[PDB]
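Next up, data.cif (mmCIF, C-alpha atoms and all ligand atoms):
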```cif
data_final
loop_
_atom_site.group_PDB
_atom_site.id
_atom_site.type_symbol
_atom_site.label_atom_id
_atom_site.label_comp_id
_atom_site.auth_asym_id
_atom_site.auth_seq_id
_atom_site.Cartn_x
_atom_site.Cartn_y
_atom_site.Cartn_z
ATOM 1 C CA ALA S 1 39.096 126.527 27.088
ATOM 2 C CA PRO S 2 38.408 129.954 28.678
ATOM 3 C CA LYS S 3 37.317 132.790 26.390
ATOM 4 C CA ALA S 4 38.983 136.197 26.103
ATOM 5 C CA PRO S 5 37.195 138.905 28.133
ATOM 6 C CA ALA S 6 35.960 142.230 26.772
ATOM 7 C CA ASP S 7 38.412 144.998 25.879
ATOM 8 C CA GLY S 8 38.864 147.945 28.220
ATOM 9 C CA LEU S 9 40.133 145.772 31.063
ATOM 10 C CA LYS S 10 41.836 147.944 33.662
ATOM 11 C CA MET S 11 44.926 146.706 35.474
ATOM 12 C CA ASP S 12 44.870 148.814 38.615
ATOM 13 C CA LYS S 13 47.011 147.195 41.290
ATOM 14 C CA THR S 14 49.120 150.365 41.321
ATOM 15 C CA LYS S 15 48.749 154.143 41.118
ATOM 16 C CA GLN S 16 49.693 154.007 37.425
ATOM 17 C CA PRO S 17 46.787 151.890 36.072
ATOM 18 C CA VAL S 18 46.899 150.580 32.493
ATOM 19 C CA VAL S 19 44.101 149.357 30.205
ATOM 20 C CA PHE S 20 44.551 146.055 28.395
ATOM 21 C CA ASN S 21 42.619 145.115 25.266
ATOM 22 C CA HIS S 22 42.631 141.465 24.232
ATOM 23 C CA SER S 23 41.465 142.342 20.712
ATOM 24 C CA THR S 24 44.748 144.028 19.763
ATOM 25 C CA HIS S 25 46.731 141.042 21.048
ATOM 26 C CA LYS S 26 45.005 138.271 19.065
ATOM 27 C CA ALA S 27 48.235 137.534 17.201
ATOM 28 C CA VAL S 28 49.693 136.428 20.533
ATOM 29 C CA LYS S 29 48.986 132.943 21.859
ATOM 30 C CA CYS S 30 46.815 132.886 25.004
ATOM 31 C CA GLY S 31 49.443 130.890 26.856
ATOM 32 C CA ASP S 32 52.241 133.344 26.075
ATOM 33 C CA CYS S 33 50.699 135.606 28.721
ATOM 34 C CA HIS S 34 48.549 133.204 30.716
ATOM 35 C CA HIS S 35 51.577 130.981 30.965
ATOM 36 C CA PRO S 36 51.935 127.448 32.343
ATOM 37 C CA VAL S 37 52.291 127.027 36.093
ATOM 38 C CA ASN S 38 52.867 123.480 37.340
ATOM 39 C CA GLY S 39 52.307 122.409 33.757
ATOM 40 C CA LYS S 40 48.926 124.043 33.129
ATOM 41 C CA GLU S 41 48.125 127.439 31.622
ATOM 42 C CA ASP S 42 46.933 129.696 34.413
ATOM 43 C CA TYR S 43 44.218 132.260 33.706
ATOM 44 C CA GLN S 44 44.108 133.702 37.223
ATOM 45 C CA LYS S 45 44.774 137.412 37.652
ATOM 46 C CA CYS S 46 48.506 138.043 37.408
ATOM 47 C CA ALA S 47 48.769 139.458 40.927
ATOM 48 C CA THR S 48 46.909 136.568 42.599
ATOM 49 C CA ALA S 49 48.415 135.614 45.965
ATOM 50 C CA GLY S 50 51.424 133.366 45.428
ATOM 51 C CA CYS S 51 51.786 134.662 41.876
ATOM 52 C CA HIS S 52 52.968 138.176 41.003
ATOM 53 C CA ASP S 53 51.790 139.632 44.296
ATOM 54 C CA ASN S 54 54.899 141.564 45.339
ATOM 55 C CA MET S 55 54.086 145.251 44.790
ATOM 56 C CA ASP S 56 57.705 146.271 45.436
ATOM 57 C CA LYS S 57 58.546 147.692 42.003
ATOM 58 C CA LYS S 58 62.250 147.020 42.589
ATOM 59 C CA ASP S 59 61.793 143.275 43.057
ATOM 60 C CA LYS S 60 62.994 141.065 40.205
ATOM 61 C CA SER S 61 61.789 137.734 41.596
ATOM 62 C CA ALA S 62 59.036 135.577 40.102
ATOM 63 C CA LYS S 63 56.716 137.478 42.438
ATOM 64 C CA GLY S 64 57.549 141.018 41.319
ATOM 65 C CA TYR S 65 54.476 142.529 39.673
ATOM 66 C CA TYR S 66 56.317 145.487 38.102
ATOM 67 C CA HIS S 67 59.042 143.105 36.927
ATOM 68 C CA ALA S 68 56.627 140.814 35.063
ATOM 69 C CA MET S 69 55.188 143.826 33.230
ATOM 70 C CA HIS S 70 58.327 145.811 32.342
ATOM 71 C CA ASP S 71 61.549 143.834 32.224
ATOM 72 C CA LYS S 72 63.569 142.148 29.481
ATOM 73 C CA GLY S 73 65.212 138.733 29.563
ATOM 74 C CA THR S 74 62.212 137.147 31.268
ATOM 75 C CA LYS S 75 61.062 133.578 30.660
ATOM 76 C CA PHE S 76 57.856 134.845 29.072
ATOM 77 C CA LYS S 77 57.935 138.186 27.261
ATOM 78 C CA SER S 78 56.656 141.088 29.383
ATOM 79 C CA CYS S 79 54.465 143.964 28.180
ATOM 80 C CA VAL S 80 57.434 146.221 27.514
ATOM 81 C CA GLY S 81 59.674 143.345 26.467
ATOM 82 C CA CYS S 82 57.453 142.238 23.609
ATOM 83 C CA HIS S 83 56.599 145.816 22.643
ATOM 84 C CA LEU S 84 60.300 146.679 22.337
ATOM 85 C CA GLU S 85 60.647 143.955 19.710
ATOM 86 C CA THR S 86 57.456 145.060 17.968
ATOM 87 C CA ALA S 87 58.654 148.678 17.727
ATOM 88 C CA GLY S 88 62.102 147.714 16.484
ATOM 89 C CA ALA S 89 63.983 150.758 15.223
ATOM 90 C CA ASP S 90 60.771 152.764 14.823
ATOM 91 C CA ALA S 91 61.124 155.625 17.316
ATOM 92 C CA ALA S 92 57.473 156.663 17.056
ATOM 93 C CA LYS S 93 56.359 153.120 17.827
ATOM 94 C CA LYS S 94 58.986 152.974 20.596
ATOM 95 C CA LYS S 95 57.346 156.009 22.176
ATOM 96 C CA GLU S 96 53.805 154.670 21.643
ATOM 97 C CA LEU S 97 54.479 151.136 22.831
ATOM 98 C CA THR S 98 57.401 151.379 25.273
ATOM 99 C CA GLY S 99 57.410 154.976 26.505
ATOM 100 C CA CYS S 100 57.308 155.541 30.259
ATOM 101 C CA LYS S 101 55.101 158.586 29.703
ATOM 102 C CA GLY S 102 52.949 159.791 26.825
ATOM 103 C CA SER S 103 52.557 156.198 25.655
ATOM 104 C CA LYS S 104 49.553 153.965 25.017
ATOM 105 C CA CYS S 105 50.204 152.426 28.438
ATOM 106 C CA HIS S 106 50.971 155.443 30.620
ATOM 107 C CA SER S 107 49.404 158.849 29.925
HETATM 108 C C1 LIG C 201 43.548 134.030 24.306
HETATM 109 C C2 LIG C 201 42.555 133.374 23.497
HETATM 110 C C3 LIG C 201 43.321 134.456 25.613
HETATM 111 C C4 LIG C 201 42.378 134.026 26.558
HETATM 112 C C5 LIG C 201 41.467 132.811 26.499
HETATM 113 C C6 LIG C 201 42.463 134.926 27.617
HETATM 114 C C7 LIG C 201 41.649 134.971 28.758
HETATM 115 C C8 LIG C 201 41.616 135.867 29.843
HETATM 116 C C9 LIG C 201 40.735 135.846 30.914
HETATM 117 C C10 LIG C 201 39.660 134.812 31.170
HETATM 118 C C11 LIG C 201 41.024 136.971 31.688
HETATM 119 C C12 LIG C 201 40.293 137.453 32.922
HETATM 120 C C13 LIG C 201 41.069 137.200 34.206
HETATM 121 C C14 LIG C 201 40.247 137.475 35.455
HETATM 122 O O1 LIG C 201 39.841 136.499 36.121
HETATM 123 O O2 LIG C 201 40.017 138.660 35.772
HETATM 124 C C15 LIG C 201 42.138 137.554 31.102
HETATM 125 C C16 LIG C 201 42.883 138.645 31.589
HETATM 126 C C17 LIG C 201 44.099 139.183 31.137
HETATM 127 N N1 LIG C 201 44.731 138.797 30.040
HETATM 128 FE FE1 LIG C 201 44.078 137.327 28.697
HETATM 129 N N2 LIG C 201 43.460 135.779 27.387
HETATM 130 C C18 LIG C 201 44.022 135.483 26.227
HETATM 131 C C19 LIG C 201 45.172 136.121 25.709
HETATM 132 C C20 LIG C 201 45.993 137.102 26.305
HETATM 133 C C21 LIG C 201 47.159 137.614 25.749
HETATM 134 C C22 LIG C 201 47.636 137.340 24.324
HETATM 135 C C23 LIG C 201 47.746 138.367 26.756
HETATM 136 C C24 LIG C 201 49.008 138.978 26.794
HETATM 137 C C25 LIG C 201 49.746 139.427 25.598
HETATM 138 C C26 LIG C 201 46.784 138.455 27.762
HETATM 139 C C27 LIG C 201 46.847 139.245 28.924
HETATM 140 C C28 LIG C 201 45.884 139.436 29.944
HETATM 141 C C29 LIG C 201 46.001 140.324 30.980
HETATM 142 C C30 LIG C 201 47.168 141.272 31.230
HETATM 143 C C31 LIG C 201 44.850 140.166 31.755
HETATM 144 C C32 LIG C 201 44.530 140.928 33.028
HETATM 145 C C33 LIG C 201 44.820 140.096 34.274
HETATM 146 C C34 LIG C 201 45.149 140.941 35.487
HETATM 147 O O3 LIG C 201 45.496 140.365 36.542
HETATM 148 O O4 LIG C 201 45.065 142.185 35.383
HETATM 149 N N3 LIG C 201 45.756 137.687 27.475
HETATM 150 N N4 LIG C 201 42.432 136.911 29.967
HETATM 151 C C1 LIG C 202 49.050 137.458 33.978
HETATM 152 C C2 LIG C 202 48.496 137.952 32.701
HETATM 153 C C3 LIG C 202 50.404 137.165 34.173
HETATM 154 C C4 LIG C 202 51.522 137.819 33.622
HETATM 155 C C5 LIG C 202 51.585 139.106 32.790
HETATM 156 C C6 LIG C 202 52.623 137.048 33.970
HETATM 157 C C7 LIG C 202 53.963 137.259 33.555
HETATM 158 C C8 LIG C 202 55.156 136.584 33.886
HETATM 159 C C9 LIG C 202 56.427 136.880 33.407
HETATM 160 C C10 LIG C 202 56.803 138.016 32.467
HETATM 161 C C11 LIG C 202 57.273 135.932 33.972
HETATM 162 C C12 LIG C 202 58.765 135.771 33.773
HETATM 163 C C13 LIG C 202 59.565 136.386 34.919
HETATM 164 C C14 LIG C 202 61.059 136.121 34.809
HETATM 165 O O1 LIG C 202 61.839 136.838 35.469
HETATM 166 O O2 LIG C 202 61.456 135.200 34.065
HETATM 167 C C15 LIG C 202 56.488 135.138 34.797
HETATM 168 C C16 LIG C 202 56.942 134.070 35.604
HETATM 169 C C17 LIG C 202 56.210 133.331 36.560
HETATM 170 N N1 LIG C 202 54.943 133.561 36.882
HETATM 171 FE FE1 LIG C 202 53.585 134.726 35.778
HETATM 172 N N2 LIG C 202 52.249 136.043 34.761
HETATM 173 C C18 LIG C 202 50.920 136.101 34.923
HETATM 174 C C19 LIG C 202 50.218 135.210 35.758
HETATM 175 C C20 LIG C 202 50.686 134.297 36.741
HETATM 176 C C21 LIG C 202 49.891 133.594 37.666
HETATM 177 C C22 LIG C 202 48.358 133.569 37.630
HETATM 178 C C23 LIG C 202 50.804 133.005 38.534
HETATM 179 C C24 LIG C 202 50.517 132.288 39.710
HETATM 180 C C25 LIG C 202 49.449 131.309 39.692
HETATM 181 C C26 LIG C 202 52.059 133.208 37.999
HETATM 182 C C27 LIG C 202 53.294 132.676 38.441
HETATM 183 C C28 LIG C 202 54.591 132.780 37.900
HETATM 184 C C29 LIG C 202 55.703 132.069 38.313
HETATM 185 C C30 LIG C 202 55.898 131.245 39.563
HETATM 186 C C31 LIG C 202 56.637 132.238 37.299
HETATM 187 C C32 LIG C 202 57.842 131.362 37.041
HETATM 188 C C33 LIG C 202 57.476 130.183 36.143
HETATM 189 C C34 LIG C 202 58.682 129.416 35.660
HETATM 190 O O3 LIG C 202 58.497 128.486 34.847
HETATM 191 O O4 LIG C 202 59.812 129.740 36.093
HETATM 192 N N3 LIG C 202 51.964 134.005 36.935
HETATM 193 N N4 LIG C 202 55.223 135.546 34.726
HETATM 194 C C1 LIG C 203 51.078 143.491 29.238
HETATM 195 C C2 LIG C 203 50.294 143.522 30.486
HETATM 196 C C3 LIG C 203 50.787 144.286 28.119
HETATM 197 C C4 LIG C 203 50.138 145.529 28.048
HETATM 198 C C5 LIG C 203 49.621 146.434 29.164
HETATM 199 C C6 LIG C 203 50.008 145.824 26.698
HETATM 200 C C7 LIG C 203 49.362 146.963 26.144
HETATM 201 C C8 LIG C 203 49.189 147.357 24.796
HETATM 202 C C9 LIG C 203 48.569 148.515 24.343
HETATM 203 C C10 LIG C 203 47.935 149.601 25.204
HETATM 204 C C11 LIG C 203 48.648 148.471 22.950
HETATM 205 C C12 LIG C 203 48.129 149.473 21.937
HETATM 206 C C13 LIG C 203 46.769 149.089 21.392
HETATM 207 C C14 LIG C 203 45.697 149.071 22.466
HETATM 208 O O1 LIG C 203 45.336 150.160 22.966
HETATM 209 O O2 LIG C 203 45.213 147.971 22.810
HETATM 210 C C15 LIG C 203 49.305 147.299 22.648
HETATM 211 C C16 LIG C 203 49.612 146.849 21.350
HETATM 212 C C17 LIG C 203 50.355 145.732 20.940
HETATM 213 N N1 LIG C 203 50.905 144.843 21.764
HETATM 214 FE FE1 LIG C 203 50.719 144.849 23.871
HETATM 215 N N2 LIG C 203 50.573 144.857 25.986
HETATM 216 C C18 LIG C 203 51.061 143.919 26.801
HETATM 217 C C19 LIG C 203 51.721 142.759 26.349
HETATM 218 C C20 LIG C 203 52.102 142.359 25.050
HETATM 219 C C21 LIG C 203 52.858 141.232 24.723
HETATM 220 C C22 LIG C 203 53.374 140.244 25.764
HETATM 221 C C23 LIG C 203 53.030 141.282 23.337
HETATM 222 C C24 LIG C 203 53.739 140.425 22.510
HETATM 223 C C25 LIG C 203 54.277 139.163 22.964
HETATM 224 C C26 LIG C 203 52.315 142.379 22.891
HETATM 225 C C27 LIG C 203 52.149 142.775 21.559
HETATM 226 C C28 LIG C 203 51.498 143.902 21.034
HETATM 227 C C29 LIG C 203 51.375 144.204 19.694
HETATM 228 C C30 LIG C 203 51.954 143.421 18.528
HETATM 229 C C31 LIG C 203 50.637 145.380 19.645
HETATM 230 C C32 LIG C 203 50.237 146.168 18.412
HETATM 231 C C33 LIG C 203 51.386 146.999 17.883
HETATM 232 C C34 LIG C 203 50.942 148.347 17.354
HETATM 233 O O3 LIG C 203 51.761 149.033 16.711
HETATM 234 O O4 LIG C 203 49.773 148.722 17.583
HETATM 235 N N3 LIG C 203 51.791 143.031 23.948
HETATM 236 N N4 LIG C 203 49.615 146.652 23.765
HETATM 237 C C1 LIG C 204 59.026 152.915 30.944
HETATM 238 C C2 LIG C 204 60.456 152.657 31.137
HETATM 239 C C3 LIG C 204 58.100 152.737 31.962
HETATM 240 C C4 LIG C 204 58.192 153.059 33.314
HETATM 241 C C5 LIG C 204 59.387 153.688 34.060
HETATM 242 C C6 LIG C 204 57.004 152.642 33.903
HETATM 243 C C7 LIG C 204 56.653 152.842 35.241
HETATM 244 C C8 LIG C 204 55.558 152.333 35.974
HETATM 245 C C9 LIG C 204 55.294 152.589 37.309
HETATM 246 C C10 LIG C 204 56.059 153.546 38.220
HETATM 247 C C11 LIG C 204 54.202 151.800 37.627
HETATM 248 C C12 LIG C 204 53.589 151.677 39.004
HETATM 249 C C13 LIG C 204 54.408 150.763 39.902
HETATM 250 C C14 LIG C 204 53.928 150.777 41.340
HETATM 251 O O1 LIG C 204 53.740 149.682 41.906
HETATM 252 O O2 LIG C 204 53.739 151.878 41.903
HETATM 253 C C15 LIG C 204 53.838 151.130 36.467
HETATM 254 C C16 LIG C 204 52.817 150.165 36.295
HETATM 255 C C17 LIG C 204 52.445 149.423 35.152
HETATM 256 N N1 LIG C 204 52.991 149.551 33.950
HETATM 257 FE FE1 LIG C 204 54.581 150.851 33.481
HETATM 258 N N2 LIG C 204 56.272 152.011 33.013
HETATM 259 C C18 LIG C 204 56.843 152.133 31.821
HETATM 260 C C19 LIG C 204 56.252 151.660 30.634
HETATM 261 C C20 LIG C 204 55.111 150.827 30.459
HETATM 262 C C21 LIG C 204 54.579 150.417 29.254
HETATM 263 C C22 LIG C 204 55.085 150.867 27.888
HETATM 264 C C23 LIG C 204 53.498 149.603 29.555
HETATM 265 C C24 LIG C 204 52.634 148.914 28.689
HETATM 266 C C25 LIG C 204 53.077 148.332 27.427
HETATM 267 C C26 LIG C 204 53.448 149.528 30.939
HETATM 268 C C27 LIG C 204 52.558 148.765 31.710
HETATM 269 C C28 LIG C 204 52.352 148.753 33.099
HETATM 270 C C29 LIG C 204 51.456 147.954 33.774
HETATM 271 C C30 LIG C 204 50.593 146.815 33.227
HETATM 272 C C31 LIG C 204 51.465 148.442 35.081
HETATM 273 C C32 LIG C 204 50.592 147.966 36.225
HETATM 274 C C33 LIG C 204 49.262 148.688 36.260
HETATM 275 C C34 LIG C 204 48.493 148.447 37.539
HETATM 276 O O3 LIG C 204 48.225 147.266 37.856
HETATM 277 O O4 LIG C 204 48.165 149.432 38.241
HETATM 278 N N3 LIG C 204 54.403 150.308 31.455
HETATM 279 N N4 LIG C 204 54.630 151.520 35.485
#
```

Mind converting the file's structure to structure tokens?
Amino acid sequence: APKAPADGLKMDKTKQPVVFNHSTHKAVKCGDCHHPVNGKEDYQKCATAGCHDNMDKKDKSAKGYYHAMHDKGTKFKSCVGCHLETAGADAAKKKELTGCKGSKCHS
């Protein structure tokens, strides 16, 4: 099975780039993020053609890149979706982990 890459990975499909560190997400199963497609876990970049390649941040289809990173009620938990649950009622953690600005995701 594929190995986790180094920390400091930059997601930069957009003008609001975010750094992702695998080391802080070890408690999450690889396949929770690199989820099954056609029955097999897919480790291709999220925005690969035919995947989440729609850079229209309003799109909520299975192709919406912004959607897969931010929204709730999705088949696999998104960045913000999981972080919301992690922060719970903790407003400082809400700011750190789900804030739209001044957070660990967006400066
Ligand atoms: C868990 C053990 C685990 C593995 C294995 C793994 C692998 C992996 C690879 C090989 C990449 C590089 C992709 C490329 O070709 O550039 C990669 C990238 C990302 N990962 Fe990962 N990963 C594992 C676990 C997790 C977990 C727990 C999450 C989510 C909570 C996660 C997320 C990401 C993200 C985001 C990327 C960047 C991909 C992009 O298109 O920007 N990984 N991982
Ligand atoms: C890469 C790390 C990556 C992320 C992040 C990601 C997330 C994601 C979410 C949050 C959903 C749910 C959306 C919803 O509204 O329910 C979701 C769904 C699908 N994805 Fe994905 N995904 C990542 C990677 C990839 C790759 C590499 C592809 C294409 C090969 C891909 C495709 C899809 C498709 C299609 C779905 C729907 C699957 C289903 O069972 O309905 N994703 N993704
Ligand atoms: C999805 C692409 C995604 C991003 C981006 C992301 C980022 C992120 C950061 C920047 C941190 C803080 C630590 C660091 O700098 O590495 C952080 C921390 C936690 N996360 Fe996350 N994260 C994304 C996705 C997910 C998903 C899908 C989950 C859970 C299913 C998850 C969980 C966590 C947890 C737990 C932490 C640590 C909590 C803390 O208080 O530090 N993330 N993430
Ligand atoms: C909070 C509600 C919040 C907002 C709003 C927000 C906005 C935002 C924008 C405008 C983009 C760029 C979209 C485009 O295509 O122009 C963007 C991109 C990413 N985000 Fe975000 N964002 C909010 C919060 C968070 C949080 C808390 C995280 C991480 C846990 C996060 C992550 C990401 C990721 C990943 C991207 C894509 C980065 C890239 O590929 O360039 N956002 N966000």

Please give me, as a tab-separated table (two decimals) with C-alpha atoms, in the frame of the given file, the residues lying within 8 Å of ligand LIG 203 (chain C) when counting only C-alpha atoms and all ligand atoms.
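Produced file out_21.tsv, reproduced below:
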```tsv
chain	number	residue	atom	x	y	z
S	11	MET	CA	44.93	146.71	35.47
S	18	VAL	CA	46.90	150.58	32.49
S	19	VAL	CA	44.10	149.36	30.20
S	20	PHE	CA	44.55	146.06	28.40
S	21	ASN	CA	42.62	145.12	25.27
S	22	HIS	CA	42.63	141.46	24.23
S	23	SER	CA	41.46	142.34	20.71
S	24	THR	CA	44.75	144.03	19.76
S	25	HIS	CA	46.73	141.04	21.05
S	27	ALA	CA	48.24	137.53	17.20
S	28	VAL	CA	49.69	136.43	20.53
S	32	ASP	CA	52.24	133.34	26.08
S	33	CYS	CA	50.70	135.61	28.72
S	69	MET	CA	55.19	143.83	33.23
S	76	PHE	CA	57.86	134.84	29.07
S	77	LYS	CA	57.94	138.19	27.26
S	78	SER	CA	56.66	141.09	29.38
S	79	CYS	CA	54.46	143.96	28.18
S	80	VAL	CA	57.43	146.22	27.51
S	81	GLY	CA	59.67	143.34	26.47
S	82	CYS	CA	57.45	142.24	23.61
S	83	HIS	CA	56.60	145.82	22.64
S	86	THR	CA	57.46	145.06	17.97
S	87	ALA	CA	58.65	148.68	17.73
S	93	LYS	CA	56.36	153.12	17.83
S	96	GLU	CA	53.80	154.67	21.64
S	97	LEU	CA	54.48	151.14	22.83
S	104	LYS	CA	49.55	153.96	25.02
S	105	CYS	CA	50.20	152.43	28.44
```

| field | Shell of 6 Å around ligand LIG 201 (chain C) (all atoms listed in the file), written as a PyMOL selection string | value | chain S and resi 2-5+11+22+25-26+28-30+33+43-47

Show me the residues around (49.1, 151.3, 41.9) - criterion: an atom at most 12 Å away, all atoms listed in the file counted - as a PDB file with C-alpha atoms, keeping the file's coordinate frame.
```pdb
ATOM      1  CA  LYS S  10      41.836 147.944  33.662  1.00  0.00           C
ATOM      2  CA  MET S  11      44.926 146.706  35.474  1.00  0.00           C
ATOM      3  CA  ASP S  12      44.870 148.814  38.615  1.00  0.00           C
ATOM      4  CA  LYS S  13      47.011 147.195  41.290  1.00  0.00           C
ATOM      5  CA  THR S  14      49.120 150.365  41.321  1.00  0.00           C
ATOM      6  CA  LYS S  15      48.749 154.143  41.118  1.00  0.00           C
ATOM      7  CA  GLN S  16      49.693 154.007  37.425  1.00  0.00           C
ATOM      8  CA  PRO S  17      46.787 151.890  36.072  1.00  0.00           C
ATOM      9  CA  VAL S  18      46.899 150.580  32.493  1.00  0.00           C
ATOM     10  CA  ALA S  47      48.769 139.458  40.927  1.00  0.00           C
ATOM     11  CA  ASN S  54      54.899 141.564  45.339  1.00  0.00           C
ATOM     12  CA  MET S  55      54.086 145.251  44.790  1.00  0.00           C
ATOM     13  CA  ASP S  56      57.705 146.271  45.436  1.00  0.00           C
ATOM     14  CA  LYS S  57      58.546 147.692  42.003  1.00  0.00           C
ATOM     15  CA  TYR S  65      54.476 142.529  39.673  1.00  0.00           C
ATOM     16  CA  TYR S  66      56.317 145.487  38.102  1.00  0.00           C
TER      17      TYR S  66
END
```

Centre, x/y/z edge lengths, axis-aligned box for ligand LIG 202 (chain C) with 6 Å per side, as JSON:
```
{"center_x": 55.1, "center_y": 133.8, "center_z": 36.1, "size_x": 25.5, "size_y": 22.6, "size_z": 19.2}
```

Expanded to explicit residues, what is the PyMOL selection byres (((chain S and resi 62) around 10) and not hetatm) for this file, as an mmCIF file with C-alpha atoms, in the coordinates of the input?
```
data_model
loop_
_atom_site.group_PDB
_atom_site.id
_atom_site.type_symbol
_atom_site.label_atom_id
_atom_site.label_comp_id
_atom_site.auth_asym_id
_atom_site.auth_seq_id
_atom_site.Cartn_x
_atom_site.Cartn_y
_atom_site.Cartn_z
ATOM 1 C CA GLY S 50 51.424 133.366 45.428
ATOM 2 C CA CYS S 51 51.786 134.662 41.876
ATOM 3 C CA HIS S 52 52.968 138.176 41.003
ATOM 4 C CA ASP S 53 51.790 139.632 44.296
ATOM 5 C CA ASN S 54 54.899 141.564 45.339
ATOM 6 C CA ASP S 59 61.793 143.275 43.057
ATOM 7 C CA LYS S 60 62.994 141.065 40.205
ATOM 8 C CA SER S 61 61.789 137.734 41.596
ATOM 9 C CA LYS S 63 56.716 137.478 42.438
ATOM 10 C CA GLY S 64 57.549 141.018 41.319
ATOM 11 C CA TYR S 65 54.476 142.529 39.673
ATOM 12 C CA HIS S 67 59.042 143.105 36.927
ATOM 13 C CA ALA S 68 56.627 140.814 35.063
ATOM 14 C CA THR S 74 62.212 137.147 31.268
ATOM 15 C CA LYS S 75 61.062 133.578 30.660
#
```

| In terms of the shortest atom-to-atom distance over only C-alpha atoms and all ligand atoms, which of S:89, S:100, S:49, S:9 is closest to ligand LIG 202 (chain C)? | S:49

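Of the listed residues (S:36, S:90, S:102, S:1), S:36 comes nearest to ligand LIG 202 (chain C); the distances count all atoms listed in the file.
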
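Between atom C22 of ligand LIG 202 (chain C) and atom CA of residue 48 of chain S lies a distance of 6.0 Å.
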
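Distance annotation: of S:70, S:7, S:85, S:92, the residue with the minimal separation from ligand LIG 204 (chain C) is S:70; atom set is only C-alpha atoms and all ligand atoms.
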
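Put simply, atom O3 of ligand LIG 202 (chain C) is 6.5 Å away from atom CA of residue 37 of chain S.
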
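Each of S:106, S:35, S:58, S:95 was checked against ligand LIG 202 (chain C) using all atoms listed in the file; the smallest atom-to-atom distance is that of S:35.
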
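Closest approach to ligand LIG 204 (chain C) among S:31, S:99, S:38, S:73 is made by S:99 (distances from all atoms listed in the file).
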
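Coordinates place atom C17 of ligand LIG 204 (chain C) at a distance of 22.7 Å from atom CA of residue 41 of chain S.
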